[PDB]
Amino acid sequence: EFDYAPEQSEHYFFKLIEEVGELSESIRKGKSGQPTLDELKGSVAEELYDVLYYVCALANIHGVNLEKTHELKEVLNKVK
């Protein structure tokens, strides 16, 4: 679905910013809580999940292991 890495990265980055925009709208409108299926569209829940999706997609393309990264952050957290 993408061969040239920078175009894949650029696409997912545009999508991340689009979902952050939709997240801003959902939070502004107070669409909090845990929706059922019928309530999911435009909920804060859906938009947070959508941002997460693109964070994970960007990690994949950038060769980032989020679990290892978390591990390192925890090491520093404990120092501090």
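The first residue of the sequence shown is number 1, and the count goes up from there.
- When the modelled residues of the chain are ordered by their C-alpha B factor, residue 61 lands in the highest third.
- The entry lists a Cα temperature factor for residue 55 that places it in the middle third of the chain's modelled residues.
- Ranked within its chain, residue 34 lands in the middle third, by CA B factor from the PDB record.
- For residue 48, the recorded CA temperature factor ranks within the middle third of the chain's modelled residues.
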